[PDB]
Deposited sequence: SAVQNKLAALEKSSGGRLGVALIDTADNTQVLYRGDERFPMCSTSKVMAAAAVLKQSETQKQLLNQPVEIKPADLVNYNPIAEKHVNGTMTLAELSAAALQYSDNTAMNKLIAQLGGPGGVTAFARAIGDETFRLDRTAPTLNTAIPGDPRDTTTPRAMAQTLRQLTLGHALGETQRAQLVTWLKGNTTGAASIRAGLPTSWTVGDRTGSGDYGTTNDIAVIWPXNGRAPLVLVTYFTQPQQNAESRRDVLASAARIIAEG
């Protein structure tokens, strides 16, 4: 397709490896670029973890208000919200918001711990039909993004299908799906990523990720106006261990999708 040549040229003009999956929920048509290659998910894995806790809350009705202690030993590499509540508590709802809206890695680990370890996150993926997602490590080591490492990876096609079901489908209960939508719409870390490539009149919720090898990720659900919503995954990683972030590549991929 014309879009695929447009993305291949963007990739060639980036020096790295680009993966894209778009779901047009008008006719279930899809645009895929390296859609079945594995990419390090990095902090985009927070969507699966937060959704898995939301699924638990369908049975445990008060689970989101459960306080969780934040201890000095819980702190890791990037802790913007959790560091404000050390020696106190945060609720699972507050931890979910911190993970999904500020990329707080301590919050992600509290979600993982609530699910019984990384295997509890992968389990929820399999329970909703995602046979590709795998979470193997806690934060921050899940973001090492080493070329060829199968750990903590998924494919663009699989993540796009999962994100649809979580945010627009019925993989979650209605109150839970709406809460995840509110959290994603309120993300603060995505202004330079997919959001920067789309028309200003489209509503977006997304969740970014980054890691070594200049790994720069964003997954988003997009509501243009008066038409069927979109689901877009843009993953990008580079050959150099110390490569710089390239959020502009995700913005440019979204623009290219949006054109077609």
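A single segment of the deposited sequence is absent from the coordinates, namely 225.
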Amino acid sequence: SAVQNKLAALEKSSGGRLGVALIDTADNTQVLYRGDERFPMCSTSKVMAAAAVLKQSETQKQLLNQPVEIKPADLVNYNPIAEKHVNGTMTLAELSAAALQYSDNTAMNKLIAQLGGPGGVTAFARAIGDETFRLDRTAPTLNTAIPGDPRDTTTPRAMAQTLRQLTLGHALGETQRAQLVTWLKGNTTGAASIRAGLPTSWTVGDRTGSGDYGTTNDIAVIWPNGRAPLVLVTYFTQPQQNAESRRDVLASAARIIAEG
From here on, numbers count along this sequence of modelled residues.
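Looking at 101-109 and 67-75 together, the entry lists the larger mean B-factor for 67-75, computed on C-alpha atoms. For the pair 84-92 and 112-120, the mean B factor over Cα atoms is greater in 84-92. The PDB entry gives the largest Cα B-factor of the residues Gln238, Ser245, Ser13, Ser252 to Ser13.
Among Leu230, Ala196, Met41, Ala49, the highest C-alpha B-factor recorded in the PDB entry belongs to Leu230.
Residue-level temperature factors show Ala220 in the middle third of its chain, judged at the C-alpha atom. When the modelled residues of the chain are ordered by C-alpha B-factor, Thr182 sits in the highest third. Ranked by Cα temperature factor within the chain, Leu18 sits in the lowest third according to the deposited record.
Annotation for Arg137: CA B-factor lies in the lowest third of the chain's modelled residues.
In the PDB entry, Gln62 places in the highest third of its chain by CA B-factor.
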